[PDB]
Structure formats: structure tokens, C-alpha cells
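Participant: how would this look folded up:
(one chain, ligands or ions: 1)
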Amino acid sequence: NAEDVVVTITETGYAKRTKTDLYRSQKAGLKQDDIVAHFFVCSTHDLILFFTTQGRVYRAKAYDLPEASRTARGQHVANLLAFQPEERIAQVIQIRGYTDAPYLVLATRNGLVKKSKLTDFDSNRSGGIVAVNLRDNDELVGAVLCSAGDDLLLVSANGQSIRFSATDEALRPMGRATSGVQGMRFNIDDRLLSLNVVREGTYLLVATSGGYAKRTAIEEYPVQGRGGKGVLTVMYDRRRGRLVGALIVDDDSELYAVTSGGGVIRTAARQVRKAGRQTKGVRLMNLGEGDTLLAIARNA
Ligand SMILES: [Ca+2]
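Facilitator: Residues are numbered from 1 along each chain as shown. Dropping the coordinates below:
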């Protein structure tokens, strides 16, 4: 019954598993409908944690996802997990068990953060468990596994960034039902775009709605105290637009740039100009004149 599988969840919200041998076996212009938001290799009997925008976490075994192969869509996650109305996926984390890392750290749209012991989430309660108490106009945006020795990076849509060390002193572990503490401070005009764990030798790739992208080595993000305004990670220009993509990449990463007009461009991280934190980005190759960028996705 226990098999190795590839789990795929589309950006459109459909989930399936595929036996790894069949997946490999099943190896045209790219279509937005086929963009995969979450992809990993695991056991049928591993757990998948679905963190929602409303700050809940629903768990499922990988075998709870339907078998379908590479062409078929699978089941929509909101039906499979019985999400509340309007509830959407914010992040998905696959685990072998609740000791995979010491902590889960969550980050909210309005810049709040919280560390909780991962074992606090080991509950068979159905219908979703609260992972963070949100104010009425907040949403959960990020969730990562980490240890007290890690640094975290928060990036906002307007291009602020803050890096701080997730020590016990900086971020005391809190219960699931509690509210977050301030992670980055910004006004109503800004909102958090991404949360990531700092890893040596990687880059933060940012991209604006106007199609301008760059990647900056992670070592150029300065460590600061939690809760500040942070530092800029883009040279802002009215015409170039706000950020649409905040993500960590390495030299070998492959990405999909989702454009206006229903388009998708294959963009390797090696095509994206390595530059400084506040150096202007470079227009993505194969972006048509007048076309804009909606998102940056990963390619397996
Ligand atoms: Ca294309």
C-alpha cells in the first residue's frame, strides 16, 4: 500500500498523486492551466499540511489525494479538504512526522510572524486546526519549517525586505491559538509577499509587474532585529511596477514566468541578471512588447 509518489497541486487548486515510475514514464506551448503550484516526491503515507489564507492547517495523507496521471487534473483541494468558503491554500508542507524540524514559522499579510513547536500540530482533529489568530483584515501568507539557528527573510509587495535570526530570544515559541508578533512594519499600502528560510549560496529573485527581474545573493541581505521596516530589495519605478514575485532560487533553478495574454515563459534562473539588492532589474527575455508579468512559478 506504501508507494513512492509524486504529488502535484496545480495553481488552479487541483491535487493528485502519481506513482513515481509512471510519472517518469509520462515525462507544445506552455499553458497556464498546467502550472504546478506544489510539487514533491514522498510516500503515500507521508503527511501533507495545507496551510490556508484564513490561518488554519488541514492535514491529509498523500494517499488521500486521488491517483491520476500527468494529463488528468485530480480533485480540487477545497472539496477534498472541505475548506470553509473563500478559504484558499497559502502554503503546503509535506512531512514524515512532526519532529521533521523544531518549528513552524508563519507570516501574515500585514507583516506579523509566529513560531510554534511543530509537535503542537500533531492532532487528528478534522476540519482544520487554528495555526494563528488573524485580525479580520489579515491573511496567512507564508509557512516554513525551521530551527532556532536559521534566519528568516520577509519580503513585501512594495519591495521592503527584512532578515532576522529566528532564535528563541528573537521569536519565543507560542501556542497555535495566539496572534503573531510584529515581523516587518509597513503601512496599509503595502502587504507581505513571501516568507523564506535563509540558505547559503542562494539568491532572492524579485520580479515586477512590468516584467523586470533580478537576483541578489542572499548574503547581501543584512541581518537586523525583528519588527523593523527593513531595507529595499528593488529600485522602485512607477513604470516598472510593484513586485509580483518573491522567491529563493539557486543557479540551477528553472522557473515559469506567467504573463498577460494567457502566456507562460520558460525562464531559467541563470538567465536572470545577478545584481545588487537595490540595482535595477532587467526585462525578462521573451516578454512581448506591452506585456506584463502576473507571477513567477517553479518548474519541477
Ligand atoms: Ca510561451
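
Participant: Mind telling me what element residue 106 is part of?
Facilitator: Per DSSP states H and E, residue 106 falls inside strand 103-108.

Participant: Can you show me the CA trace of that strand as CSV?
Facilitator: What follows is strand 103-108 as a C-alpha-only set of coordinates in CSV (Å, rounded to 0.1, in the frame of the first residue of the first chain):
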residue,chain,number,x,y,z
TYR,A,103,9.4,24.8,14.5
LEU,A,104,6.8,26.0,12.1
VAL,A,105,7.1,29.8,11.5
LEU,A,106,4.1,31.6,9.9
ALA,A,107,3.9,35.0,8.4
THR,A,108,0.9,37.2,7.7
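
Participant: Which elements pack onto it?
Facilitator: strand 112-117, strand 140-146, strand 151-156, strand 192-197 (3 or more CB pairs under 8 Å, 6 or more residues apart in numbering; DSSP states H and E). The C-beta positions use only the backbone N, C-alpha and C, and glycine is treated the same way.

Participant: now do 10 Å
Facilitator: Contact partners of strand 103-108 among helices and strands, from 3 or more CB pairs under 10 Å, 6 or more residues apart in numbering; DSSP states H and E: strand 47-52, strand 89-95, strand 112-117, strand 140-146, strand 151-156, strand 192-197.

Participant: Just send the ones you listed back as TSV, with mean neighbour count too.
Facilitator: Compiled in TSV, the helices and strands packed on strand 103-108 are given as follows (neighbours: other CB atoms under 10 Å):
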stretch	mean neighbour count
strand 47-52	22
strand 89-95	20
strand 112-117	22
strand 140-146	22
strand 151-156	24
strand 192-197	22
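
Participant: Would you convert the ones you listed into TSV that also reports distance to residue 227?
Facilitator: As requested, the helices and strands packed on strand 103-108 are exported to TSV (distance: least, CB to CB, whole Å):
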stretch	distance to residue 227
strand 47-52	22
strand 89-95	22
strand 112-117	9
strand 140-146	16
strand 151-156	11
strand 192-197	13
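
Participant: Could you point out which of those sits nearest residue 228?
Facilitator: strand 151-156 (10.3 Å; CB to CB).

Participant: in terms of contact count, name the helices or strands touching the helix or strand following the closest one.
Facilitator: Once the chain leaves strand 151-156, the next helix or strand it forms, by DSSP H and E, is strand 160-165. For strand 160-165, the packing partners by 3+ CB pairs under 10 Å, 6+ apart come out as strand 151-156, strand 192-197, strand 203-208, strand 231-232.

Participant: Sheet partners, orientation included, of the helix or strand where residue 267 lies?
Facilitator: Residue 267 belongs to strand 264-268 when assigned by DSSP H and E. With DSSP bridges as the test, strand 264-268 is paired with strand 254-259 (antiparallel).

Participant: quick check: angle from the partner strand to strand 203-208?
Facilitator: Strand 254-259 runs at 10 degrees relative to strand 203-208, counting by axes from the mean of the first three to the mean of the last three CA atoms, to 10 degrees.

Participant: tell me which residues in strand 254-259 are buried?
Facilitator: For strand 254-259, a neighbour-count test (16 or more other CB atoms under 10 Å) marks 255, 256, 257, 258, 259 as buried.

Participant: Ok, stretch 267-282 next?
Facilitator: Under 16+ other CB under 10 Å, the buried positions of stretch 267-282 are 267, 269, 272, 275, 277, 281.
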